[PDB]
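Undergrad: Here it is: the structure, laid out below.
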Amino acid sequence: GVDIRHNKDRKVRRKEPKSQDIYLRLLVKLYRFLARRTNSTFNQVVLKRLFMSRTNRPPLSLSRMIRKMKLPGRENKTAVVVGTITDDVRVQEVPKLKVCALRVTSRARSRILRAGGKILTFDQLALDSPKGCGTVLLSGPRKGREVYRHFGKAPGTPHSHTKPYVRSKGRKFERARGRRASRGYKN
Amino acid sequence: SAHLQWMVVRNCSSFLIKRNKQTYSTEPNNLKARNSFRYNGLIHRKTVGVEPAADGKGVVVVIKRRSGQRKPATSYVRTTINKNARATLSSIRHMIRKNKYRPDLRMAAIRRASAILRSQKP
Amino acid sequence: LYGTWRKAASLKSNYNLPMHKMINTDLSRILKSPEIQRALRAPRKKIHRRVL
Amino acid sequence: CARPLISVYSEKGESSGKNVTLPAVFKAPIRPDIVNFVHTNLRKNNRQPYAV
Amino acid sequence: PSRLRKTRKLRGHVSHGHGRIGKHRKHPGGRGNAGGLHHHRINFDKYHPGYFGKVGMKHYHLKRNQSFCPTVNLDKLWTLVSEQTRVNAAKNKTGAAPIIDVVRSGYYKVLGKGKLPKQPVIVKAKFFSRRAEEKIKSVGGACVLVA
Amino acid sequence: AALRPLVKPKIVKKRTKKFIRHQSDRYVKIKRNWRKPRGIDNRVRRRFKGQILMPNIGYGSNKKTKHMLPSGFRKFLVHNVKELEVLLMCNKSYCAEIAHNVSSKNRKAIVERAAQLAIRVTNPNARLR
Amino acid sequence: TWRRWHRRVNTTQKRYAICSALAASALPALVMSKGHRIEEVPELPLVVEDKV
Amino acid sequence: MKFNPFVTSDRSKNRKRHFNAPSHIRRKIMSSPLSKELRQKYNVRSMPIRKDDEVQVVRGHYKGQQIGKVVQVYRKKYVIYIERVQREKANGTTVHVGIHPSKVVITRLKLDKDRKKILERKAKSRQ
RNA sequence: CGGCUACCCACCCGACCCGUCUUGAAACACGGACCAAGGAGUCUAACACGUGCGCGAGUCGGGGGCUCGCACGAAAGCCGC
RNA sequence: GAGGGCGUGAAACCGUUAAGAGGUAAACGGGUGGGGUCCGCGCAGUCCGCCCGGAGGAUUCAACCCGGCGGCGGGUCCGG
Ligand SMILES: [Mg+2]
Ligand SMILES: [Mg+2]
Ligand SMILES: [Mg+2]
Ligand SMILES: [Mg+2]
Ligand SMILES: [Mg+2]
Ligand SMILES: [Mg+2]
Ligand SMILES: [Mg+2]
Ligand SMILES: [Mg+2]
Ligand SMILES: [Mg+2]
Ligand SMILES: [Mg+2]
Ligand SMILES: [Mg+2]
Ligand SMILES: [Mg+2]
Ligand SMILES: [Mg+2]
Ligand SMILES: [Mg+2]
Ligand SMILES: [Mg+2]
Ligand SMILES: [Mg+2]
Ligand SMILES: [Mg+2]
Ligand SMILES: [Mg+2]
């Protein structure tokens, strides 16, 4: 024996992307080459987000993609999103900014072309910025998923606010013993 | 779209004999039997191959035209060289070196032409 | 029956052509373009094997 | 994304003067894994169940 | 896919993924929701609180048909009518305002949110909230009740 | 003295016993293929001394001398003339092996094409008149 | 007899697979790698006249 | 390709109907082609065989230039027997040899009024 | 001449007969005379999580309808007031 | 070597022949040794592919250009 320490061989990581998409594999090859040949930590993080799963890449939204560029210092910069930018029903005005994302929805592309912006793809983003200069990388609302609101220490023991599983959100379904003080105990 | 064609053809083709050993292409226009990307005769816009002559004497060279794609009746232009092995080896050397046409696979074309001349002369 | 990316399909009611992921997808052309090769480190082909 | 012209061949084999622009269906992306997925599910649809 | 099933991988192990000691035979703990109060209280409680008892009134012959009132927000209030319509109706023309009838869209009750621009409209609905009614009065619109 | 291929070193296997199965000698219902015993009392699984040895990763041969015949080639199986002609580029390390279901009428043509292309065949003189 | 035999596919994925198959039927290398003899054949996808 | 759904491409049902067909179906099954001069003279491709038809054998152990007359037609065995084709047993007794009627070239037919009606229907349906 | 090898034999050393219930099996614990074939985690519904795909504030035709009568067509294509 | 439950014909079991062995019941793992069947090879003579200096024969390119077709490459984006 040599190592008294525990054998934790592989750390956590996903090396190759599990998606068999050919275009995604070509983007993985190109940004892997840029990440190991340009000394660009932006290319490192974009290559890791291409390694990242379909679920852990949440869809970006048009209002958030406006508001992250409305801040001072993001006028002439391009919005790089590893993920999808979708339509928003809320906003009315769209600025003259640039988009660099994968699989933008049709209404979003139509409204950006009406507003006068320019959408790109990752190969054009690489040809325009190998190191990734003039770019801002964005991510979407992971924790706002319906799945993540069931996750906690319990559904109700320090009242715990974490949404127990039930069929119908209403009367007669999980509302009596532990939900009110008149019927037994209360949390 | 050569990389798309490679990422499709590199599996699930009517080639790629994965039978008890490594991958062989057998690839009716090819220079090395290894099913690789740098040695491929169907996918690239510029391809070189050598084949034996139908008469039995000489080596024929099949090179891709590049003046027109998606038209396989004229996409491959052929020549029939019947020389005394050094004149034709120098001919394919000057044809690959003096042109821009495929600076790669020089030694692939040269080794296959030389091996088929050794297999052809007796 | 399917259309181009400018217009919709006139026979199918709610169909459009798919989004094109990589527009100009020649990877050899991209990696041999001068815009990419302007920002490369150095060709490092040393091996640095095991020294007894 | 350019749409070339394809000559129209007659019954004799000679290229006629008619030239029709290539539609964008042939310029659409190629996803053989999605083709294999939908093909697998339609093959599962394409069968009598079997003996019970 | 039985070739992707774990059972084909576990051929060769004696107890087949369920232990030699514990011996999972048929139904060790009960069936279904057995022992909801006796011996599985740490699973029915602490993971489904509220499960046991009565809560309120017993409305006999209830339908999800009389209480039908889909709620439309002020963000959804605009795109029920096209954007061309509101641009060509509020392109500095006059004091006229377009009418957005949510009963035609199928939504009965109008509720309040943010993001309501200065350009006023007329909203006809069966019900309103006081927040949305104050937002319409603040942007200068007209609140119209219909049946 | 047929073809004499390129530089191939001394081939070692680290053991050459093709490990027997436990109690295959005692019962003739047991084929001599290996099968990992998962008993709670077995001396083979407990790795007692004086017993049989289980196949593990340590008996792996060298990657340079992997799938190497004693002649110095690597075998590749062949059915017909085109699958013989695919070995035209690497004939100095890869030898041919004609399939069993090939008759003599095509087998003589395959071995003639192998003699023309200078490709080693493992069984040249089988199934002849 | 109540095994889940038949599998429904989304119509968008059905049309996606049709577009991908028709796009892959245009390249010569894909069809030659599938195995059709396109040696003496003229230009890719062949358009014949209405007298055929 | 089979288009009518009232007939089988089924091997088991076809073999069942074939090996259990009645004798009037077996007469149609046991039909023999004709010589080139007889089909040139009569304009007919195939005819059923009967007791007094002259037969040239085209395939088998005996082939060609054997224009003999049949004697028996076993429809149970699907076998006609020819007077010219013989084979001796162990004990020196001759016996006929099993010949399937589809490997049989008819050179001469027996004329009858019913066979003239059959030949007229053949020529009219061939048109 | 050379040859590892499912051939046979001898010699030195180690070596109790496998499977399980068990803290403990070679056990004076149980099943096993031998051999060939069959033989044990499947399927439906529901839920949850992870993954991949398409569309994406929308999504889904599984319910029907439309095409000429087609082996594969009990498939597939389309509906959109 | 298909002779009437007759295609193919394994294992358990038995007979005979050939070889080997036999006091610690038989059987096994590691290490060798002996014998036998079989395989590949020629056994004091088997290695090849290239260049050059030497000895005879037989041919015609190549070195340079005229004649000719087909492609590679960019410029006037000339002619459309
Ligand atoms: Mg260690
Ligand atoms: Mg460990
Ligand atoms: Mg285990
Ligand atoms: Mg217990
Ligand atoms: Mg248990
Ligand atoms: Mg133990
Ligand atoms: Mg049947
Ligand atoms: Mg235990
Ligand atoms: Mg005890
Ligand atoms: Mg035990
Ligand atoms: Mg007892
Ligand atoms: Mg026992
Ligand atoms: Mg017993
Ligand atoms: Mg069995
Ligand atoms: Mg999921
Ligand atoms: Mg028999
Ligand atoms: Mg037999
Ligand atoms: Mg004896």
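Identifiers for the structure tokens are assigned positionally: chains receive A, B, ... in sequence, residues are indexed from 1 per chain, and ligands are indexed from 1 in the order shown.
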Show me which residues sit within 9 Å of ligand 6 when counting only C-alpha atoms (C1' of nucleotides) and all ligand atoms, and put them as JSON, numbers by chain.
TA: {"F": [39, 40, 41, 42, 46], "I": [24, 25]}
Undergrad: For residue 27 of chain C, list every protein, DNA or RNA residue within 10 Å, evaluated using only C-alpha atoms (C1' of nucleotides), and leave out those in the same chain fewer than 5 positions away; present the list as a VMD selection string.
TA: (chain A and resid 26 to 27 29 to 30 123) or (chain B and resid 1 to 4) or (chain C and resid 32 to 33)
Undergrad: Hey, which residues sit close to ligand 16? Say within 8 Å, counting only C-alpha atoms (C1' of nucleotides) and all ligand atoms, and write them as a VMD selection string.
TA: chain J and resid 2 6 to 9
Undergrad: Could you take the residues named above and write them with C-alpha atoms (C1' of nucleotides), as a PDB file, in the first residue's frame?
TA:
ATOM      1  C1'   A J   2     -29.185 -43.582 -46.058  1.00  0.00           C
ATOM      2  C1'   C J   6     -33.471 -45.486 -42.278  1.00  0.00           C
ATOM      3  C1'   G J   7     -31.255 -36.969 -42.584  1.00  0.00           C
ATOM      4  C1'   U J   8     -27.450 -34.874 -39.615  1.00  0.00           C
ATOM      5  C1'   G J   9     -25.482 -38.379 -34.950  1.00  0.00           C
TER       6        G J   9
END
Undergrad: Would you kindly return, as an MDAnalysis selection string, each protein, DNA or RNA residue with an atom no farther than 12 Å from any atom of residue 1 of chain E, considering only C-alpha atoms (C1' of nucleotides) and excluding same-chain residues fewer than 6 positions away?
TA: (chainID E and resid 7:8) or (chainID I and resid 42)
Undergrad: Which residues of chain A sit at most 10 Å from chain E, using only C-alpha atoms? Give each one's shortest atom pair and distance in Å (one decimal place), in chain and ascending residue order, as a Markdown table.
TA:
| residue | atom | partner | partner_atom | distance |
| --- | --- | --- | --- | --- |
| A:88 | CA | E:75 | CA | 9.7 |
| A:89 | CA | E:75 | CA | 6.7 |
| A:90 | CA | E:75 | CA | 5.2 |
| A:91 | CA | E:115 | CA | 7.5 |
| A:92 | CA | E:117 | CA | 8.9 |
| A:153 | CA | E:46 | CA | 9.9 |
| A:154 | CA | E:47 | CA | 6.6 |
| A:155 | CA | E:47 | CA | 6.0 |
| A:156 | CA | E:49 | CA | 6.8 |
| A:157 | CA | E:46 | CA | 6.7 |
| A:159 | CA | E:49 | CA | 9.9 |
| A:163 | CA | E:48 | CA | 9.7 |
| A:164 | CA | E:48 | CA | 6.2 |
| A:165 | CA | E:48 | CA | 7.5 |
| A:166 | CA | E:48 | CA | 8.4 |
| A:171 | CA | E:55 | CA | 7.2 |
| A:172 | CA | E:55 | CA | 6.3 |
| A:173 | CA | E:51 | CA | 6.8 |
| A:174 | CA | E:50 | CA | 4.1 |
| A:175 | CA | E:50 | CA | 4.2 |
| A:176 | CA | E:50 | CA | 4.2 |
| A:177 | CA | E:50 | CA | 4.1 |
| A:178 | CA | E:50 | CA | 4.9 |
| A:179 | CA | E:50 | CA | 5.3 |
| A:180 | CA | E:50 | CA | 8.0 |
| A:182 | CA | E:55 | CA | 9.5 |
| A:183 | CA | E:53 | CA | 7.2 |
| A:184 | CA | E:53 | CA | 9.0 |
| A:185 | CA | E:50 | CA | 9.4 |
| A:186 | CA | E:50 | CA | 8.7 |
| A:187 | CA | E:49 | CA | 7.4 |
Undergrad: Those selected residues, please, written with N, CA, C and O atoms and delivered as a CSV table (one decimal), in the first residue's frame.
TA:
chain,number,residue,atom,x,y,z
A,88,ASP,N,-40.1,37.1,-26.2
A,88,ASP,CA,-40.8,37.6,-25.0
A,88,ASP,C,-42.0,38.4,-25.4
A,88,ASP,O,-41.9,39.3,-26.2
A,89,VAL,N,-43.1,38.1,-24.7
A,89,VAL,CA,-44.3,38.8,-25.0
A,89,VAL,C,-44.3,40.2,-24.3
A,89,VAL,O,-45.2,41.1,-24.6
A,90,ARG,N,-43.4,40.4,-23.3
A,90,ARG,CA,-43.5,41.6,-22.4
A,90,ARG,C,-43.0,42.8,-23.1
A,90,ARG,O,-43.7,43.8,-23.1
A,91,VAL,N,-41.8,42.8,-23.7
A,91,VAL,CA,-41.2,44.1,-24.1
A,91,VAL,C,-41.8,44.5,-25.5
A,91,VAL,O,-42.5,43.7,-26.2
A,92,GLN,N,-41.6,45.8,-25.8
A,92,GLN,CA,-42.1,46.4,-27.0
A,92,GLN,C,-41.0,46.9,-28.0
A,92,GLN,O,-41.1,46.8,-29.2
A,153,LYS,N,-34.6,20.5,1.9
A,153,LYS,CA,-34.4,19.5,3.0
A,153,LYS,C,-35.6,18.7,3.3
A,153,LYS,O,-35.5,17.6,3.8
A,154,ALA,N,-36.8,19.2,3.0
A,154,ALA,CA,-38.1,18.6,3.3
A,154,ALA,C,-39.2,19.4,2.6
A,154,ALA,O,-38.9,20.5,2.1
A,155,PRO,N,-40.4,18.9,2.6
A,155,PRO,CA,-41.5,19.8,2.1
A,155,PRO,C,-42.0,20.7,3.2
A,155,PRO,O,-42.3,21.9,2.9
A,156,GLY,N,-42.0,20.3,4.5
A,156,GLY,CA,-42.5,21.2,5.5
A,156,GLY,C,-42.0,21.2,6.9
A,156,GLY,O,-42.7,21.6,7.8
A,157,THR,N,-40.8,20.7,7.2
A,157,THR,CA,-40.4,20.6,8.6
A,157,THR,C,-40.0,21.9,9.3
A,157,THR,O,-40.5,22.1,10.5
A,159,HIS,N,-41.2,24.4,8.0
A,159,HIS,CA,-42.2,24.8,7.0
A,159,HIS,C,-41.6,24.7,5.5
A,159,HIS,O,-42.4,24.5,4.6
A,163,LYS,N,-42.7,22.7,-1.8
A,163,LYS,CA,-43.6,22.2,-2.8
A,163,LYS,C,-43.8,20.7,-2.9
A,163,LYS,O,-43.1,20.0,-3.7
A,164,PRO,N,-44.5,20.1,-2.0
A,164,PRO,CA,-44.7,18.6,-2.1
A,164,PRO,C,-45.4,18.1,-3.3
A,164,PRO,O,-46.3,18.9,-3.8
A,165,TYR,N,-45.1,16.9,-3.7
A,165,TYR,CA,-45.7,16.4,-4.9
A,165,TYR,C,-47.2,16.0,-4.6
A,165,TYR,O,-47.5,15.3,-3.6
A,166,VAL,N,-48.1,16.4,-5.5
A,166,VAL,CA,-49.5,16.1,-5.4
A,166,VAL,C,-50.2,16.2,-6.7
A,166,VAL,O,-49.6,16.8,-7.7
A,171,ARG,N,-58.1,22.0,-2.5
A,171,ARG,CA,-58.7,21.4,-1.3
A,171,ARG,C,-58.7,19.9,-1.4
A,171,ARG,O,-58.6,19.3,-2.5
A,172,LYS,N,-58.6,19.2,-0.2
A,172,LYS,CA,-58.7,17.8,0.1
A,172,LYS,C,-57.4,17.1,-0.3
A,172,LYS,O,-57.3,15.9,0.1
A,173,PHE,N,-56.5,17.7,-0.9
A,173,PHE,CA,-55.2,17.1,-1.3
A,173,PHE,C,-54.1,17.7,-0.5
A,173,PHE,O,-53.6,18.8,-0.8
A,174,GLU,N,-53.7,17.0,0.6
A,174,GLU,CA,-52.5,17.3,1.4
A,174,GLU,C,-52.6,18.7,2.1
A,174,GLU,O,-51.8,19.6,1.9
A,175,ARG,N,-53.7,18.8,2.9
A,175,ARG,CA,-54.0,20.1,3.5
A,175,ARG,C,-54.5,20.0,5.0
A,175,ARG,O,-54.9,21.0,5.5
A,176,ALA,N,-54.4,18.9,5.6
A,176,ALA,CA,-55.1,18.7,6.9
A,176,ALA,C,-54.1,18.5,8.1
A,176,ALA,O,-54.1,19.3,9.0
A,177,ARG,N,-53.3,17.5,8.1
A,177,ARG,CA,-52.5,17.1,9.3
A,177,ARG,C,-51.0,17.6,9.0
A,177,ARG,O,-50.3,16.8,8.4
A,178,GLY,N,-50.7,18.7,9.5
A,178,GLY,CA,-49.4,19.3,9.3
A,178,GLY,C,-49.4,20.6,8.5
A,178,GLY,O,-48.4,21.2,8.3
A,179,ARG,N,-50.6,20.9,8.0
A,179,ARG,CA,-50.8,22.2,7.2
A,179,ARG,C,-51.6,23.2,8.0
A,179,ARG,O,-51.6,24.4,7.6
A,180,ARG,N,-52.2,22.8,9.1
A,180,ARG,CA,-53.0,23.7,9.9
A,180,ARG,C,-53.0,23.2,11.4
A,180,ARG,O,-52.9,22.0,11.6
A,182,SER,N,-55.4,23.3,13.6
A,182,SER,CA,-56.7,22.7,14.1
A,182,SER,C,-56.8,21.2,13.9
A,182,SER,O,-57.5,20.6,14.7
A,183,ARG,N,-56.1,20.7,13.0
A,183,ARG,CA,-56.1,19.2,12.7
A,183,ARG,C,-54.8,18.6,13.0
A,183,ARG,O,-53.9,18.6,12.2
A,184,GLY,N,-54.6,18.2,14.2
A,184,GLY,CA,-53.4,17.5,14.7
A,184,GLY,C,-52.3,18.5,15.0
A,184,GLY,O,-52.5,19.4,15.8
A,185,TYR,N,-51.2,18.4,14.3
A,185,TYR,CA,-50.0,19.3,14.4
A,185,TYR,C,-50.0,20.2,13.2
A,185,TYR,O,-50.7,20.1,12.3
A,186,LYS,N,-49.0,21.1,13.2
A,186,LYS,CA,-48.8,22.1,12.2
A,186,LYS,C,-47.3,22.2,11.9
A,186,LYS,O,-46.6,23.0,12.6
A,187,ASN,N,-46.8,21.5,10.9
A,187,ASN,CA,-45.4,21.5,10.4
A,187,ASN,C,-44.4,21.2,11.5
A,187,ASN,O,-44.0,20.0,11.7
Undergrad: Please identify all residues of chain D having at least one atom at most 10 Å from any atom of chain C, considering only C-alpha atoms, and return them as a short mmCIF file (atom, residue, chain, number, x, y, z; two decimals) with N, CA and C atoms, in the first residue's frame.
TA:
data_model
loop_
_atom_site.label_atom_id
_atom_site.label_comp_id
_atom_site.auth_asym_id
_atom_site.auth_seq_id
_atom_site.Cartn_x
_atom_site.Cartn_y
_atom_site.Cartn_z
N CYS D 1 -24.89 29.67 -48.42
CA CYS D 1 -26.21 29.23 -48.82
C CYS D 1 -26.58 29.79 -50.19
N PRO D 23 -33.95 24.07 -55.08
CA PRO D 23 -34.67 24.51 -53.88
C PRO D 23 -33.83 24.34 -52.63
N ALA D 24 -34.29 24.96 -51.55
CA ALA D 24 -33.56 24.99 -50.29
C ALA D 24 -33.73 23.72 -49.47
N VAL D 25 -34.54 22.77 -49.93
CA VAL D 25 -34.67 21.48 -49.26
C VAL D 25 -33.35 20.72 -49.34
N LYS D 27 -30.52 22.22 -49.45
CA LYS D 27 -29.57 23.04 -48.70
C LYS D 27 -29.88 23.01 -47.20
N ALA D 28 -30.99 22.36 -46.82
CA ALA D 28 -31.34 22.11 -45.42
C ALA D 28 -30.25 21.31 -44.70
N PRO D 29 -30.16 21.42 -43.37
CA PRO D 29 -29.13 20.66 -42.65
C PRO D 29 -29.40 19.16 -42.66
N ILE D 30 -28.34 18.41 -42.38
CA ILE D 30 -28.35 16.96 -42.46
C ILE D 30 -28.13 16.40 -41.06
#
Undergrad: Give the helix (DSSP H, G or I) residues of segment 17-73 of chain F, as assigned by DSSP on the backbone, as number ranges by chain.
TA: F: 43-46, 57-59
Undergrad: For those residues, write N, CA and C atoms to a file as a PDB file, in the first residue's frame.
TA:
ATOM      1  N   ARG F  43     -12.367 -20.710  -2.841  1.00  0.00           N
ATOM      2  CA  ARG F  43     -10.945 -20.442  -2.669  1.00  0.00           C
ATOM      3  C   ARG F  43     -10.379 -19.641  -3.834  1.00  0.00           C
ATOM      4  N   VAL F  44     -10.967 -19.788  -5.021  1.00  0.00           N
ATOM      5  CA  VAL F  44     -10.483 -19.075  -6.198  1.00  0.00           C
ATOM      6  C   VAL F  44     -10.794 -17.587  -6.086  1.00  0.00           C
ATOM      7  N   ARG F  45     -12.015 -17.253  -5.656  1.00  0.00           N
ATOM      8  CA  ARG F  45     -12.361 -15.853  -5.436  1.00  0.00           C
ATOM      9  C   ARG F  45     -11.605 -15.284  -4.244  1.00  0.00           C
ATOM     10  N   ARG F  46     -11.419 -16.089  -3.194  1.00  0.00           N
ATOM     11  CA  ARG F  46     -10.648 -15.628  -2.045  1.00  0.00           C
ATOM     12  C   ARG F  46      -9.150 -15.553  -2.313  1.00  0.00           C
ATOM     13  N   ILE F  57      -6.308  -7.738 -15.358  1.00  0.00           N
ATOM     14  CA  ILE F  57      -5.704  -6.788 -16.285  1.00  0.00           C
ATOM     15  C   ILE F  57      -4.181  -6.921 -16.357  1.00  0.00           C
ATOM     16  N   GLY F  58      -3.557  -7.572 -15.371  1.00  0.00           N
ATOM     17  CA  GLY F  58      -2.108  -7.683 -15.343  1.00  0.00           C
ATOM     18  C   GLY F  58      -1.522  -8.591 -16.402  1.00  0.00           C
ATOM     19  N   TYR F  59      -2.322  -9.495 -16.961  1.00  0.00           N
ATOM     20  CA  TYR F  59      -1.859 -10.410 -17.993  1.00  0.00           C
ATOM     21  C   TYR F  59      -1.958  -9.820 -19.391  1.00  0.00           C
TER      22      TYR F  59
END
Undergrad: Give as a list in words every residue of chain B that touches chain F within 7 Å, counting only C-alpha atoms.
TA: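 Contact residues on the first chain: residues 21, 26, 32, 33, 112 and 119 of chain B.
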Undergrad: Report as a tab-separated table (two decimals) with N, CA and C atoms, in the first residue's frame all protein, DNA and RNA residues lying within 9 Å of segment 35-51 of chain C, evaluated on only C-alpha atoms (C1' of nucleotides), omitting residues in the same chain fewer than 4 positions from it.
TA:
chain	number	residue	atom	x	y	z
A	34	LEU	N	-9.59	26.40	-30.37
A	34	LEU	CA	-9.38	27.77	-29.94
A	34	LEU	C	-9.06	27.87	-28.45
A	37	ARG	N	-5.46	26.75	-28.08
A	37	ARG	CA	-4.47	27.44	-28.90
A	37	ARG	C	-4.51	28.96	-28.84
A	38	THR	N	-5.45	29.58	-28.12
A	38	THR	CA	-5.54	31.03	-28.11
A	38	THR	C	-5.30	31.66	-26.74
A	39	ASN	N	-5.14	30.85	-25.69
A	39	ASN	CA	-5.01	31.30	-24.29
A	39	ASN	C	-6.18	32.19	-23.88
A	126	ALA	N	-16.51	33.07	-34.06
A	126	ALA	CA	-15.11	32.70	-33.99
A	126	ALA	C	-14.28	33.43	-35.04
A	127	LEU	N	-14.83	33.61	-36.24
A	127	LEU	CA	-14.12	34.36	-37.27
A	127	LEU	C	-14.02	35.84	-36.93
A	128	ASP	N	-14.99	36.38	-36.20
A	128	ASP	CA	-14.94	37.78	-35.80
A	128	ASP	C	-14.18	38.02	-34.51
A	129	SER	N	-14.05	37.01	-33.66
A	129	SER	CA	-13.34	37.15	-32.39
A	129	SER	C	-12.80	35.79	-31.98
A	130	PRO	N	-11.54	35.49	-32.33
A	130	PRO	CA	-10.93	34.23	-31.90
A	130	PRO	C	-10.71	34.17	-30.40
A	131	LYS	N	-10.10	35.21	-29.83
A	131	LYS	CA	-9.97	35.29	-28.38
A	131	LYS	C	-11.29	35.58	-27.70
C	30	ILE	N	-11.87	27.50	-42.07
C	30	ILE	CA	-11.91	28.33	-40.87
C	30	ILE	C	-10.58	28.26	-40.13
C	31	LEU	N	-10.02	27.06	-39.97
C	31	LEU	CA	-8.79	26.92	-39.21
C	31	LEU	C	-7.57	27.40	-40.00
Undergrad: All residues within 10 Å of ligand 13 are required, counting only C-alpha atoms (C1' of nucleotides) and all ligand atoms; please report them as a VMD selection string.
TA: chain I and resid 30 to 33
